Amino acid sequence: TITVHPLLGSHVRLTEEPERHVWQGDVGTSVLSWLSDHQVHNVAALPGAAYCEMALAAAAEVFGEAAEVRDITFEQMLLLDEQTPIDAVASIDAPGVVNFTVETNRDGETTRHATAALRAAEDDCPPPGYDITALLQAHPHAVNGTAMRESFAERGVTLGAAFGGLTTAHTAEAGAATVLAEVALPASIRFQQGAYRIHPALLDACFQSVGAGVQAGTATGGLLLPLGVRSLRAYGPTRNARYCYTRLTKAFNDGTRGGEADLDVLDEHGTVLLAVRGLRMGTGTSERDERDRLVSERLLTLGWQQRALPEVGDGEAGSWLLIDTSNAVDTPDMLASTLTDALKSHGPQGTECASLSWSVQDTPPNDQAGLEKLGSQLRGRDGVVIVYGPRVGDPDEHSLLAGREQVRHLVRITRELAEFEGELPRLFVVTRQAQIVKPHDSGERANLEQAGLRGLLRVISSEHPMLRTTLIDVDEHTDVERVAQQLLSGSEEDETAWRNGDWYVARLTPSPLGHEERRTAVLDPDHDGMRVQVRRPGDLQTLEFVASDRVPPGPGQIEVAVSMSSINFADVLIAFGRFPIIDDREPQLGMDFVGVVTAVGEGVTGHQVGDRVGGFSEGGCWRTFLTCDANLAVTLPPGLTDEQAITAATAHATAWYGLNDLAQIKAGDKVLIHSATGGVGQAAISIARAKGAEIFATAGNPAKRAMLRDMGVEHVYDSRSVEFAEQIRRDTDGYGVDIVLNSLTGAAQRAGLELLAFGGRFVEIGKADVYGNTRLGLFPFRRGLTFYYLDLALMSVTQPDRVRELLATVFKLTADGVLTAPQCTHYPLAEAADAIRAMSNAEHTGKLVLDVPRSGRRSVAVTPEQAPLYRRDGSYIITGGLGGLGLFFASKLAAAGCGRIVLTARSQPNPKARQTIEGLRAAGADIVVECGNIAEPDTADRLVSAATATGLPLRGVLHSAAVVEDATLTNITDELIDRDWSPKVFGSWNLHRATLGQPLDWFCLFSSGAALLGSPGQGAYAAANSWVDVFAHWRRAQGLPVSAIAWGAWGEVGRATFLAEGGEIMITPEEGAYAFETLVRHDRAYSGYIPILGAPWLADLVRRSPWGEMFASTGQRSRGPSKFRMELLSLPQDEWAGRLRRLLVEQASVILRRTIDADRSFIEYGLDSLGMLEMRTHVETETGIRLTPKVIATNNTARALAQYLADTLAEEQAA
Amino acid sequence: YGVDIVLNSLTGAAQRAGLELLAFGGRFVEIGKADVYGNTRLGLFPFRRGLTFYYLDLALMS
Amino acid sequence: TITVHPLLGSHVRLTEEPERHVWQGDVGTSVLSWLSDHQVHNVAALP
């Protein structure tokens, strides 16, 4: 009786053209038990092999046997909760070509899981076989295929039992396309193989072969998933099969992307059963997104947090040692004396301590003899603390020397301290406002001289980990009580700041850019140009002004100062991130505009400056200054005020067109207007009254209907339901209507279309139906209908002259008073956030006019990634250009064509440098070289003058001079300290002073990751780099532009890069070029771009660093018990959501490989909709509630998604 | 660029192909009652470009 | 009991505008012999 296919289910034939085969059925687990086994992160999912088999069955049905499919695609995954209706449909679009698409229409929306083409395109040409005795003997070297499957399952996507068959394999090597596995249907799958054209389980295993084929030694943290195949063909039933050919053509070694496999299924005899060509796994995103991700997973910063002291008190017997060092101040006693007194009093038990008051450059014998007074017989007694005391709040030009002396003092004293045979004491260090913490009491007034210390102490903490190197920053208004408490029983914390009456601790935080660090600028609407544009299409709460750098008009252009624009349904659609993009150019907000001409183009003569103007344009009209094509603007006749003109445009310009120049409305012609109360509807009402027609209409809620009836227009009916057609039919005796200015979608469309009576005109202005392939029934057209479509914006862009004439006509008519402008309700343009809300919910009637603020309203606008980077008419100076990264950055600047970049270094260039310079000059860059030591003020003055006196103002700088050197604590010499100190400190300070007056746009100061991380390789470099870090913070505090970068190493794999990646030079130059070009635009002062999130030394930092917030978090091995998280609903559900926050962040951390905050967005760090797959599946498994890949996007922030889950679970709790 | 005026008289996939062909503002004039009286389901969407569909039948008009 | 209906073939809900139920059944004395006896007008006919 029943013979339906199991996956597809029913097959029903439609005779309507284009001929369509519609397949419907259930693919739930309850029906097909075996389906349950592709638990991706422990949740059932339909394998792509299922899509392949289903497409093959559809092709066989439509074209009989020996017909195959091409260019398959997979688009979304599935969930298969219990039951899952599936609606596979195939259409005969044109003879000889067909299309096949599978989608699920549950929950009220569709999801095109896979698209296909089933053109037969096959002939009676049997495929050739393969030689068993050859392929088997070629690659017999065995490999643990079953263990490979087990590890691949552990990787996150399990296979269960039904998807077995893939047998222990053999290959020439791990990394070659030679895997020789064997495939057989598991016992539970052998039975029903007849119905299928090759079991989806067998095809899935055949695919799965690619998992072992790619790389047997797969790297941890990588996930792959098949995505589409270029072609397919099924030759014979797979009642029996042995192996699938392992022909792979992967362009691998990038970790992901594809593999372009061509699997061929063949039996024991060598004959082939099914052929697949062009198989790709895990495509990911475009190259631009790859570079964007590479920036997320590297930017670092010093994150500070507030906490309480868990020490409370313990251990006792705090007989530490103290040294009052470099305290040349008149009265630096209080800090040391108070600390000693608190230690004596509050310190439990005996707390004897002594002071080795080694002042700055006290006396020669103090180097050793002065220290041995206590560091000889009782050295390293139970703990030591260094106190540095206060200092002046601002730096003098000569203050640099003092910092050098301080670093010399620290290196000497610490080398002496570390030279103790017995176990070393923990090295406390208290410094006064030498570390910049956070917006809470942080900014200017940082003690620069002490600032360089941080890097040295941090490198020490790695060089000699035995002496725990905790260092504490302190503030005037913190009081010494909790400071003494930290001294006494301080827990294992490395770097902390007592910035106020509160404890602050540091955690190296992976902090990608966002929306709070975009460069802010001060603009004036009166003459400065700024635009409005949604930052995050979808949540209109993010509307924010943006600088627009008004460009002077060109030929055929005008420069109009907007006075008021109007919302329009296109604006609403774009605001909610729902516009039907069609030309890879997202439309800007606003369509119309009314303002005054401020400048005149070259080739234009229609109008002059100082004259009013109106019209619409693309490029966004929600601006203070707008530059639109001159041909697309109409002078305002004297009658119209600005308000009337803005209200009329796009209301009459639509209504007048549709009803007059297309439908040719005449006296006594029945008209039907949908959504009359809207602006377009109101214009239509006015037009109909003017031309003398019977004005039917329909509205929304009853209040609007009553209001419209108050206007005198009789025959008002509800628009929500289709009932209006019948009612109007009753009230007209059959002659329903002659014109329909439809603007609603859905069933109403058909009713309106059928309403017309033998005259025919259907002007359609809606947008939902047309961009949806609404596929209307064409039968009602038999009675002389005529269907129009009227998209005013598109007409304006393509046929400016016609819309220009139309606009002139409507304005002239409005001035004469024959037409009345609709009702208006102004809003301040800065308040667009709520205004858009009214339009969508339709509580306000009439056109919403936005009144752009054109006044002296001084404000802060935000410059997006489109920021001033390479401006032609300015000079750029690069220091140390003649060596290392300088050459590469100089070449990059030349490529950008920057104007007359100045290049300098400390010495004459080498012959290769001269060759590169002359070549770049020949390339067209007007680069000029200089020389001299940057540590000299004269050199800086000469450099700044040369770049300025040349005639091109200097605005960009890049101080990159540095030389890499290696040293260890003991052998660190003073000359090394000086030669590291001068290039960074003195050069940078001189550059800042000399350039202080110029109109700079950035200031890039290079640094090393050592100052941030701490590498035993070098310690002298760390001090100078930390100093330049703090100096950059201070400069930003002063308000001048600045940006400090801490570079790192080249490879993320260590020395294995030579074998696995090959010898390469520099520090990932191309990778860092984009990072620099981006980071120079944003505002954050300090940032560390270093290859972390997986790297050799990270294994060491996590151990030696008590902060180490990056962690490893190797606890992803969830199990069946993990469900208890749902069972924790016994506790209060609000508190349950509070803990759900932590669940979410922890689960996200493993996939992201780093701890993220709960306030930012997941998309910021970068997830290829595969990190999204993991997150969604894990959320469902750990909570039993599902969130669609759509609703996750809007709630991209951890807080948002947590609140959404809390609500969607409290609803269940209520049930 | 495509065509502008299409005085179609074919049926089946021919008219569907024609409707996609014409450029912006093209006016797809129709005279062949065959497809229309069969309640063909026109793939309304090529109207994206501001097309206009007419049906012309001399006898009924008269 | 049996999902298919003898006089209608296979039920299918098409989620189009408007929603349609399309069945595409088959009938015939060749397979549904019980129709043969109702030979209306001395010719095979649909009851």
# chains A, B, ... in the order shown; residues from 1 in each chain; ligands from 1
$ interface_residues --of "chain A" --to "chain C" --cutoff "7 Å" --atoms "only C-alpha atoms" --output "ChimeraX atom specification"
/A:10,12-13,24
$ closest_residue --among "A:453, A:94, A:969, A:581" --to "chain B" --atoms "only C-alpha atoms"
A:94
$ closest_atom_pairs --of "chain B" --to "chain A" --cutoff "6 Å" --atoms "only C-alpha atoms" --output "Markdown table"
| residue | atom | partner | partner_atom | distance |
| --- | --- | --- | --- | --- |
| B:13 | CA | A:94 | CA | 5.8 |
| B:36 | CA | A:779 | CA | 5.5 |
| B:37 | CA | A:779 | CA | 5.9 |
| B:39 | CA | A:779 | CA | 4.1 |
| B:40 | CA | A:778 | CA | 5.5 |
| B:41 | CA | A:777 | CA | 4.9 |
| B:42 | CA | A:775 | CA | 5.6 |
| B:43 | CA | A:775 | CA | 4.6 |
| B:44 | CA | A:775 | CA | 5.0 |
| B:45 | CA | A:770 | CA | 4.9 |
| B:50 | CA | A:789 | CA | 5.2 |
| B:52 | CA | A:788 | CA | 4.5 |
| B:53 | CA | A:787 | CA | 5.0 |
| B:54 | CA | A:786 | CA | 4.5 |
| B:55 | CA | A:784 | CA | 5.6 |
$ residues_around --residues "residue 971 in chain A" --least-positions-apart "6" --cutoff "12 Å" --atoms "only C-alpha atoms" --output "ChimeraX atom specification"
/A:411-412,415-416,977,1018-1020
$ select_by_dssp --residues "range 721-844 of chain A" --states "strand (DSSP E)" --output "ChimeraX atom specification"
/A:739-741,762-764,786-789,827-828
$ atom_distance --atom1 "CA of residue 914 in chain A" --atom2 "CA of residue 934 in chain A"
20.4 Å
$ residues_around --residues "residue 157 in chain A" --least-positions-apart "6" --cutoff "7 Å" --atoms "only C-alpha atoms" --output "NGL selection string"
:A and (38-41)
$ residues_around --residues "range 421-424 of chain A" --least-positions-apart "4" --cutoff "10 Å" --atoms "only C-alpha atoms" --output "PyMOL selection string"
chain A and resi 379-384+417+464-468
$ residues_around --residues "residue 1070 in chain A" --least-positions-apart "6" --cutoff "10 Å" --atoms "only C-alpha atoms" --output "ChimeraX atom specification"
/A:888-889,892
$ select_by_dssp --residues "range 941-1011 of chain A" --states "helix (DSSP H, G or I)" --output "PyMOL selection string"
chain A and resi 941-949+974-995+1009-1011
$ write_last_selection --atoms "N, CA and C atoms" --output "CSV table (one decimal), in the first residue's frame"
chain,number,residue,atom,x,y,z
A,941,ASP,N,63.7,69.2,16.6
A,941,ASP,CA,63.3,70.5,16.1
A,941,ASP,C,63.6,70.6,14.6
A,942,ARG,N,64.8,70.0,14.2
A,942,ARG,CA,65.1,70.0,12.7
A,942,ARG,C,64.1,69.2,12.0
A,943,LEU,N,63.7,68.0,12.5
A,943,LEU,CA,62.7,67.1,11.9
A,943,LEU,C,61.4,67.8,11.7
A,944,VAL,N,60.9,68.4,12.8
A,944,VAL,CA,59.6,69.0,12.7
A,944,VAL,C,59.6,70.2,11.8
A,945,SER,N,60.6,71.0,11.8
A,945,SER,CA,60.7,72.2,10.9
A,945,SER,C,60.8,71.7,9.5
A,946,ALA,N,61.6,70.7,9.2
A,946,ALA,CA,61.8,70.3,7.8
A,946,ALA,C,60.4,69.8,7.2
A,947,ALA,N,59.7,69.0,8.0
A,947,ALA,CA,58.4,68.6,7.5
A,947,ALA,C,57.4,69.7,7.4
A,948,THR,N,57.5,70.8,8.1
A,948,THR,CA,56.6,71.9,8.1
A,948,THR,C,57.0,72.9,7.1
A,949,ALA,N,58.3,73.3,7.1
A,949,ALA,CA,58.7,74.4,6.1
A,949,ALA,C,58.6,73.9,4.7
A,974,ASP,N,74.6,49.2,32.9
A,974,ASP,CA,74.1,50.5,32.9
A,974,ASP,C,74.1,51.1,31.5
A,975,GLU,N,75.1,50.8,30.7
A,975,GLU,CA,75.1,51.3,29.3
A,975,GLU,C,73.9,50.7,28.5
A,976,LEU,N,73.6,49.4,28.7
A,976,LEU,CA,72.4,48.9,28.0
A,976,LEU,C,71.2,49.6,28.5
A,977,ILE,N,71.1,49.9,29.8
A,977,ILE,CA,69.9,50.6,30.3
A,977,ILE,C,69.8,52.0,29.6
A,978,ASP,N,70.9,52.7,29.5
A,978,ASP,CA,70.9,54.0,28.9
A,978,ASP,C,70.5,54.0,27.4
A,979,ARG,N,71.1,53.0,26.7
A,979,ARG,CA,70.8,52.9,25.2
A,979,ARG,C,69.4,52.4,24.9
A,980,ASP,N,68.8,51.7,25.9
A,980,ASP,CA,67.3,51.4,25.7
A,980,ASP,C,66.5,52.6,26.2
A,981,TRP,N,67.0,53.4,27.1
A,981,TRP,CA,66.2,54.5,27.7
A,981,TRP,C,66.1,55.7,26.8
A,982,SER,N,67.2,56.1,26.2
A,982,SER,CA,67.3,57.3,25.4
A,982,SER,C,66.3,57.2,24.2
A,983,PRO,N,66.4,56.2,23.4
A,983,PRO,CA,65.6,56.2,22.1
A,983,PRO,C,64.1,56.3,22.4
A,984,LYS,N,63.6,55.6,23.5
A,984,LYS,CA,62.2,55.6,23.8
A,984,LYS,C,61.8,56.9,24.5
A,985,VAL,N,62.4,57.1,25.7
A,985,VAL,CA,61.9,58.2,26.6
A,985,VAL,C,62.3,59.5,25.9
A,986,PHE,N,63.6,59.8,25.8
A,986,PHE,CA,64.0,61.1,25.3
A,986,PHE,C,63.5,61.4,23.9
A,987,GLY,N,63.6,60.5,23.0
A,987,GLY,CA,63.1,60.7,21.7
A,987,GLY,C,61.6,61.0,21.7
A,988,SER,N,60.8,60.2,22.4
A,988,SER,CA,59.4,60.4,22.4
A,988,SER,C,59.0,61.8,23.0
A,989,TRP,N,59.6,62.1,24.1
A,989,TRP,CA,59.3,63.4,24.8
A,989,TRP,C,59.7,64.5,23.9
A,990,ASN,N,60.9,64.5,23.2
A,990,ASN,CA,61.3,65.5,22.3
A,990,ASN,C,60.3,65.7,21.1
A,991,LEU,N,59.9,64.5,20.6
A,991,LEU,CA,58.9,64.6,19.5
A,991,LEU,C,57.6,65.2,19.9
A,992,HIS,N,57.1,64.8,21.1
A,992,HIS,CA,55.9,65.4,21.6
A,992,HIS,C,56.0,66.9,21.8
A,993,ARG,N,57.1,67.3,22.4
A,993,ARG,CA,57.3,68.8,22.6
A,993,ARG,C,57.4,69.5,21.3
A,994,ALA,N,58.2,69.1,20.4
A,994,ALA,CA,58.4,69.8,19.1
A,994,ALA,C,57.1,69.9,18.3
A,995,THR,N,56.4,68.8,18.3
A,995,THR,CA,55.2,68.7,17.5
A,995,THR,C,54.0,69.2,18.2
A,1009,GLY,N,55.7,43.7,23.7
A,1009,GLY,CA,54.8,42.9,24.5
A,1009,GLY,C,55.4,42.6,25.9
A,1010,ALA,N,56.8,42.7,25.9
A,1010,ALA,CA,57.5,42.3,27.2
A,1010,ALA,C,57.0,43.2,28.3
A,1011,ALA,N,56.9,44.5,28.1
A,1011,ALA,CA,56.5,45.5,29.1
A,1011,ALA,C,55.1,45.1,29.6
